[PDB]
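One structure is given below, encoded as structure tokens.
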Amino acid sequence: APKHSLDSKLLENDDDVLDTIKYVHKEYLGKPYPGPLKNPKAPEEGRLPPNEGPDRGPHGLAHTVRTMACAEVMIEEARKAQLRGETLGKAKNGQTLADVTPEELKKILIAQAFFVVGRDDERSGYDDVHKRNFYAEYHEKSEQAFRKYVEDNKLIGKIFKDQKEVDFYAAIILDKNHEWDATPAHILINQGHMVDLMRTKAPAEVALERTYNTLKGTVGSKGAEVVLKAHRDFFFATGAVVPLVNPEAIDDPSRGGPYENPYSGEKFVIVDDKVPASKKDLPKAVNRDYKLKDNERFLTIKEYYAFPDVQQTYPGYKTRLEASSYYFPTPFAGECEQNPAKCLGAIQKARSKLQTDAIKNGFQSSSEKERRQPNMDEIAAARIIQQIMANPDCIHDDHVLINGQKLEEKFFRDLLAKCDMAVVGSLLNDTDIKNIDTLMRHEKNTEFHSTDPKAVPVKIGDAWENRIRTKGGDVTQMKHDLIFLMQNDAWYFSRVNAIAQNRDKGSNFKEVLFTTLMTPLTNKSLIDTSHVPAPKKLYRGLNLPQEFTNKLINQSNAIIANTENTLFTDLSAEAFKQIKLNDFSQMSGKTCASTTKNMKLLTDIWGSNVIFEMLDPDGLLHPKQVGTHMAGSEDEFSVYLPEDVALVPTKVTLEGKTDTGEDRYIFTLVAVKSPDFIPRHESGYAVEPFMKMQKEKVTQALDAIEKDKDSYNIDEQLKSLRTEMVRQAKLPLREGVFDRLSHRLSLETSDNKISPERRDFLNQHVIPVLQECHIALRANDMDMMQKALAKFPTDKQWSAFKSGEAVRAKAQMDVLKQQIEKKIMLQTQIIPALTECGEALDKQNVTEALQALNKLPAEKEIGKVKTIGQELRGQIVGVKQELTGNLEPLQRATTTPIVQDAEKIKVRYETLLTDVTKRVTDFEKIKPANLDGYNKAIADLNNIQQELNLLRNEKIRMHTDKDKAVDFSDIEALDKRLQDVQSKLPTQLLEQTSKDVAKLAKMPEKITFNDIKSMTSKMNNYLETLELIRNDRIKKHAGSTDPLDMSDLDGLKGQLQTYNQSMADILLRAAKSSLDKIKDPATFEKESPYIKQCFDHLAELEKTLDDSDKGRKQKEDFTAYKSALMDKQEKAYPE
């Protein structure tokens, strides 16, 4: 954590800088070039004509604004680079650009505003015609203008401390000797002006390289890239022209162009076309007016950048930059020159755009804005939630039972933790909204606890019904009432927000059930209610202890300091690594978060010490007004963060103190959407219980089916009818003519005698039919059943034989035919289909269940079979319809959206792998020597292990094939190397400690009390290191078969305690000699202070010394001498 904020944005907020810009623009800059005086001492002689166009093109207001913005960016980046830890350059005062306070920054900007207002024309340098130096005269005019301005407005005492400060800044502005590195102000003005003037010098590529080399030593390589990128953006925003940068002549010219230092005029001459191979091979540079002769040649830019050392050292060897006329932001710079506000707003816009685009380019681009289609498990969870809404009687006090299956608190909790709530809520409907009130009625008496331990428990159902439940409201009004319940934060909202993020501790089953039930329904209501013009800023309050706040501030500072919008190269890989490892947006929550537009309400009513400010340039957030605005105030909004939208910090400002005196911080967050933030999903976790319920329902259908099997004994009935008709065939012949006529025509219910006609009928048709049916029913040959029923005696034959016994037999055969067809339809369609869908649910295969569904017969086909009871028919049709309507949506969108940007992920993985390998090698290089190094190594190992976990997650995401295992050979190899280093480190530390202790044992021949103190301090340090090794050995060696050997460390401690004993012997000798040598109060005032100092040192020794017999003897001697001194004081000194 730095002592100053990572952000400096004076131009946006400050008043004095803007006032100074307005004054200078109204007085000097906003006027045509007047032309230099022909004679400075004689105005009457007139003026020379301006050397260029009278308009202030190159040095107008645009130049001043761009230079001031570049100076502010330079300080921005210098502070960032110091925070990252890489050393910066130093000016001759020994100060660093990160050490300039904001007050000096404001003074520097004010004194920079006057740097160019003195000019009269575009002449530069010494003039041969008049022997004059227009630069000095112009800057003298500027110095006089600055002095006049500072005197006129009485600025001294307001900003500047005294006259000497004004004189220092005047000497800065005058620039008599171009003292480029005297002090940070000199650098921050001069090199900023040079960076801005870079655009005019030609050739552009060499000028850009030289400017990079100038900025590198002062701010750093990454800073030398960021500043140039920002200045390019300012160039395009304000509307200047930029020459084309083309360092490898890709546009196919005859040559890249002669190499020439634009500021100095250096040119490299080769003698006889001997192309070199390194920069050091170049001979010394000739001057600008050197002539070529014979077969000599100028070094070409292409050949110069073909050299390898320049390629390695200077990153811009390969790059290519966009020309200005290609984008043609031309010529509205002349329009920007008319008013300061336009250019200042454009500068601020570009500055914000750079910072946002850095992060957005660091992450993957947004493939689509339309939301995902639901995952199979989310559809299952939505169905489960609706089914629970169906009835609350199935809810028990410590578990949820539904459709013959129970659910634990774990299921609801990890359903909340894992799955989306927005899509699941969107899957619900209004019948569930009414079932909400039904559930509230059922759960009237259950208790509820808030997060405040002193809060009185409340019955949630009673509270809802009395206060929340509006009298006879329509469904939309109940949705608004649910939002209204969300409004009452104190008693109910805290518990919900703590449960939904695992922050809860000690809540029972009904509270977690209510949370997982209410969150999707509340979000559903929020989407359904209304659309409101969304404000572009939101302030969210929070209350946190300082201990958490410091870590949060450090994480935000690291994230801000690592994101950079480089020009030449891409550091997107580092930004992605740093954001994921340190982001805190999971704390922002996955629930309805209450926000407001007005900071005043937060600072007055709540007085919270932590405030989040969210920006939504893309409109990714969709805040909604709080339902019924009739009672709901204007400044109350609810926001739901999707999973693929994450918040990242860009500003950390210390704004003020709370009424309790605690510092209040205000963060700023930019919402970014990217498929990279979609968490990995443990799919199928909730599909399993749903499949279990479906299987249970199918099994209950099978239960009813085998009950109907038990209902009829078809085999016995068929056998009985066969026996009866065999007996009928065995009857004596009924040969009476009238008997035959009555037998055939009339309902003769007396067939104890059979006519020959009906006997032949039976023998020919019924005997084969029933015998075949019986044989089939023994063998269960079912197509053979169908064939026999095709052989069945036609109703025409029974109409011929209308005897009453024949009619009864025909009725029995119709009953048996219906029973046989019922058995046919069951054992062919349903029972095999029920078994098949049982396997499919066991296999969790939707397609096989659907196939078994198609195999199942239709409802009307079952209705044809009258022998099937209406209860079983209804049950079977209900099973069919339920499985259809539950599985068909379940088949939809079984594939999660795919992260298809393979190139970006692969490149990022390769860069990260190289970086972590380099860091592991650097860790391997380490050899510790003390406790602090050991602790630093432990922390480094921990963060490297976290980086390896990040690598594991990225590698898992890189895995696209479903039928291959994910590889961790490289990551595990680095982990093994790190563990080997972890084993080696304590051994090296112990060896170094032992060697240093052996060195320390050499006591000096002559020892003084300060030597006593210093050598005791060294001994204490070594003893503390040995105690650290003791604790490490105790921690690690627990459970090992080897004994807890510490004899060697106890020997080292014995050496150190003998050291202590000898040193304490010297101390005690001196102290006792001084005590016995006391003669008077003067000798007391001389010795007793020294005696007491030695005795305090001896008490420190006793604290370090153990309770051994020799140690206790020394302690007893020290205590006896101290008691003698104390007695002498207390008694004799009053004497």
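Taking only Cα atoms, what is the 0 to 90° angle, nearest 10, from helix 1081-1104's long axis to the longest principal axis of the chain?
30 degrees
For segment 320-366, state which chymotrypsin sites (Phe, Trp or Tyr not before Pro) are in a DSSP loop and have at most 16 other beta carbons lying within 10 Å of their beta carbon. The partial results should precede the final answer.
On the way: sites: 326, 327, 332, 363; in loops: 332, 363.
When the chymotrypsin sites (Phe, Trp or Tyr not before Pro) of segment 320-366 are filtered for loop state and at most 16 Cβ neighbours within 10 Å, 332 remain.
Between the alpha-carbon centers of segment 603-631 and segment 677-737, tell me the distance in whole angstrom.
63 Å
With 23 Å as the limit, write out which pairs from 90/201; 369/524; 1013/1103 have Cα-Cα distances beyond it, or answer none.
Values: 90/201 28 Å; 369/524 20 Å; 1013/1103 15 Å.
Violating the 23 Å limit, Cα to Cα: 90/201.
Would you mind checking 577/955; 537/673; 216/925 for any pair whose Cα atoms are more than 20 angstrom apart? Show your work: numbers first, answer last.
Values: 577/955 13 Å; 537/673 17 Å; 216/925 28 Å.
In this structure, 216/925 exceed 20 Å between Cα atoms.
Quickly estimate the mean residue ellipticity at 222 nm for the chain, helices only: each DSSP H run with n ≥ 4 gives -39500 (n - 2.57), and the total goes over all residues, rounded to 500. Spell out each step's value before the answer.
Values: 43 runs with 629 residues, N = 1135.
Only helices count here, giving -18000 deg cm²/dmol.
Rg/Rh for segment 307-388: what does it come to with C-alpha atoms and Rh from Kirkwood? List each step's numbers first, then the result.
On the way: Rg = 24.8 Å, Rh = 19.1 Å.
Reported Rg/Rh, Kirkwood definition of Rh: 1.30.
Taking Cα centroids, how far is segment 408-451 from segment 742-772 in Å?
Taking the Cα centre of each part, segment 408-451 and segment 742-772 sit 71 Å apart.
Under unit Cβ charges (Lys, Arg +1; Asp, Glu -1), what dipole magnitude, rounded to 20 debye, does segment 902-988 have relative to its Cα centre? Don't skip to the answer; put the middle values down first.
On the way: 16 positive and 16 negative charges, 14 e Å.
For segment 902-988, the charge dipole is close to 60 debye.
Per-residue counts of other Cβ atoms within 10 Å, averaged by peptide: what ranking do you get for 867-878, 33-44, 826-837, highest first? Intermediate results must be reported in sequence, preceding the final value.
Values: 867-878: 15.4, 33-44: 12.6, 826-837: 18.4.
So the peptides 867-878, 33-44, 826-837, ranked by packing, come out 826-837, 867-878, 33-44.
Set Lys and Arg Cβ to +1 and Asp and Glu Cβ to -1, take the dipole of the chain about its Cα centre, and tell me which of 345, 392, 412 lies farthest positive.
Going by the Cα projections, it comes out as 392.
Determine the gain in length on full extension of the stretch residue 462-residue 3; use 0.36 nm per residue of separation and subtract their C-alpha separation, reporting nm with one decimal. Can you show the working numbers first?
Values: separation 459, 0.36 × 459 = 165.24 nm, distance 5.38 nm.
Working it through step by step, the gained length comes to 159.9 nm.
Tell me, in nm to one decimal, what length is gained between residue 861 and residue 760 on full extension, where the rule is 0.36 nm per residue of separation less the Cα-Cα distance? Don't skip to the answer; put the middle values down first.
Numbers: separation 101, 0.36 × 101 = 36.36 nm, distance 3.61 nm.
Full extension from residue 861 to residue 760 adds 32.7 nm.
Can you tell me which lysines have their Cα less than 25 Å from the Cα of residue 161? Leave out same-chain residues fewer than eight positions away.
Candidates past the 8-residue exclusion: 3, 9, 22, 92, 106, 107, 141, 148, 176.
If I take the Cα coordinates of segment 990-1065 and project them onto the principal axes, what are the three extents in Å, biggest first?
49, 21, 15
Would you mind checking the radius of gyration and Dmax of the chain based on alpha-carbon positions, in Å?
46.4, 168
Express in nm, to one decimal, how much length is gained between residue 964 and residue 181 on full extension, taking 0.36 nm for each residue of separation and deducting their alpha carbon distance. List each step's numbers first, then the result.
Numbers: separation 783, 0.36 × 783 = 281.88 nm, distance 6.12 nm.
Length difference between fully extended and current span is 275.8 nm.
Taking the Cα centroid of segment 284-330 and of segment 879-950, what is the distance between the two, rounded to the nearest whole Å?
Segment 284-330 and segment 879-950 have Cα centres spaced 43 Å from each other.
Compute the acute angle (0 to 90°) between the alpha-carbon long axis of helix 1009-1037 and the principal axis of greatest extent of the alpha-carbon atoms of the chain; round to the nearest 10°.
20 degrees
On alpha-carbon atoms, Rg over Rh for segment 254-320 using Kirkwood Rh? The partial results should precede the final answer.
Working: Rg = 12.1 Å, Rh = 12.7 Å.
Across segment 254-320, the Cα-based Rg/Rh ratio is 0.95.
So which chymotrypsin sites (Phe, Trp or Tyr not before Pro) in segment 929-1026 are both in a DSSP loop and have at most 12 other Cβ atoms within 10 Å of their Cβ? Don't skip to the end; give the middle numbers.
Working: sites: 934, 968, 1009, 1022; in loops: 968.
Sites meeting the loop and neighbour criteria: none at all.
Do any of 349/651; 418/651; 1092/1113; 995/1053 go past 23 Å between their Cα atoms, and which?
Values: 349/651 16 Å; 418/651 31 Å; 1092/1113 20 Å; 995/1053 13 Å.
Correct reply: 418/651.
What residues qualify as long-range amide H neighbours of residue 47, i.e. H under 5 Å apart, gap of 5 or more or another chain, H built at 1.01 Å from N?
38
Students often check this: by mean Cβ neighbours within 10 Å, which of 111-117, 193-199 ranks highest, and how do the rest follow? Numbers along the way, then the final one.
Numbers: 111-117: 22.4, 193-199: 20.0.
Ranking, from highest mean packing down: 111-117, 193-199.
Set the Förster radius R0 to 25 Å, insert the Cβ-Cβ distance between residue 737 and residue 796 as r into 1/(1 + (r/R0)^6), and round the FRET efficiency to 0.05.
Efficiency, from the Cβ-Cβ distance: 0.60.
Please list, by residue number, every one of the GluC sites (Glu not before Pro) in segment 440-505 that is coil in DSSP and has at most 15 other beta-carbon atoms within 10 Å. Walk me through the numbers on the way to the answer.
On the way: sites: 443, 447, 465; in loops: 443, 447.
The qualifying sites are 447.
Can you list the equivalent-ellipsoid semi-axes of segment 902-988, largest first and in whole Å, using the square root of 5 times each Cα gyration tensor eigenvalue?
On the way: eigenvalues 178, 31, 18 Å².
Whole-Å semi-axes of the equivalent ellipsoid: 30, 12, 10.
In whole Å, largest first, what are the principal axis extents of the Cα atoms in segment 784-915?
Here the spans come out as 101, 29, 21 Å, largest first.
In what sequence do 469, 1112 fall when counting other Cβ within 10 Å, fewest first? Could you put the intermediate results ahead of the total?
Numbers: 469 17, 1112 13.
In order of increasing Cβ crowding within 10 Å: 1112, 469.
Where a number appears in this text, it was derived from the coordinates with a stated rule and is not lab data. We place every Cβ from the backbone using ideal geometry, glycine too, and count neighbours over all the protein chains shown.
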